[PDB]
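Trainee: Any chance you could fold what I've pasted below:
(2 chains)
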Amino acid sequence: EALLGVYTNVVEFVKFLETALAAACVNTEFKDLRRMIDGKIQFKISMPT
Amino acid sequence: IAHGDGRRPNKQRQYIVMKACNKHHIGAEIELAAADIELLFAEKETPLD
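Mentor: Numbers count the residues shown, from 1 in each chain, chains lettered A, B, ... in the order given. Below you will find the coordinate block:
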């Protein structure tokens, strides 16, 4: 009795920086995000008249 | 005291006494963040800001 073939999936995935979704976000990878707790960036925005 | 002239001492005695050491327990706790341990030891040995 034979054994005519033996096959298996190999999974490949297009990662995040190679999709088109990164045209809608800016990606600045940080070293250890556990160092800072809360980001509290304050802006002063002034309108014209 | 040395011998003689109406003076009769209880001539030189020698103890051999076995005493025991007494153990003691001292506890302490150091807490360290995982951010600073990792950024101070990186596989790329380039200098740091």
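Trainee: going forward, measure contacts and count neighbours with C-alpha atoms only.
Mentor: OK.
Trainee: For the residue of chain B found nearest chain A, grab the count of nearby residues.
Mentor: Chain B approaches chain A most closely through residue B:35 (5.5 Å), counting by CA to the nearest CA. Using other CA atoms under 10 Å in any protein chain shown, the number of residues around residue B:35 comes to 14.
Trainee: Now the nearest residue to it once chain neighbours are set aside: phi and psi?
Mentor: Take residue B:35 and drop its neighbours on the chain: the residue closest to it by CA to CA, 6 or more residues apart in numbering or on different chains is residue A:35, 5.5 Å away. Torsion angles at residue A:35 (phi, psi; degrees, to the nearest 10) stand at phi -80, psi -40.
Trainee: how deep is residue A:35 tucked in, by neighbour count?
Mentor: Neighbour tally, residue A:35, other CA under 10 Å: 12.
Trainee: Distance-wise, check it relative to residue B:34.
Mentor: 8 Å (CA to CA, to the nearest Å).
Trainee: do residue B:15 as well
Mentor: 59 Å.
Trainee: Tell me which of these two has more neighbours.
Mentor: Neighbours were counted for residue B:15 and for residue B:34 using other CA under 10 Å; residue B:34 has more, 11 against 5.
Trainee: Name the SS class of the nearest residue to the more buried one once chain neighbours are set aside, please.
Mentor: Nearest non-adjacent residue to residue B:34, counting by CA to CA, 6+ apart: residue A:34, 7.8 Å away. Assigned with DSSP: H, G, I helix; E, B strand; the rest coil, residue A:34 falls in the helix class.
Trainee: State the distance from residue A:34 to residue A:14.
Mentor: Taken as CA to CA, the span from residue A:34 to residue A:14 is 27 Å.
Trainee: Equivalent analysis for residue B:32, please.
Mentor: 37 Å.
Trainee: Can I get stretch B:30-43 in PDB, CA atoms only?
Mentor: Extracted in PDB, the C-alpha atoms of stretch B:30-43 (Å, rounded to 0.1, in the frame of the first residue of the first chain):
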ATOM      1  CA  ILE B  30      14.200  45.100  46.100                       C
ATOM      2  CA  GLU B  31      11.700  46.200  43.400                       C
ATOM      3  CA  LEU B  32      13.100  47.200  40.000                       C
ATOM      4  CA  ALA B  33      11.200  48.300  36.900                       C
ATOM      5  CA  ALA B  34      11.600  46.200  33.800                       C
ATOM      6  CA  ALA B  35      12.100  49.200  31.500                       C
ATOM      7  CA  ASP B  36      15.400  50.300  33.000                       C
ATOM      8  CA  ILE B  37      16.800  46.800  33.200                       C
ATOM      9  CA  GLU B  38      16.200  46.300  29.500                       C
ATOM     10  CA  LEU B  39      17.400  49.600  28.200                       C
ATOM     11  CA  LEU B  40      20.600  49.400  30.200                       C
ATOM     12  CA  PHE B  41      21.400  45.900  28.600                       C
ATOM     13  CA  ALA B  42      20.800  45.700  24.900                       C
ATOM     14  CA  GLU B  43      22.400  43.300  22.400                       C
END
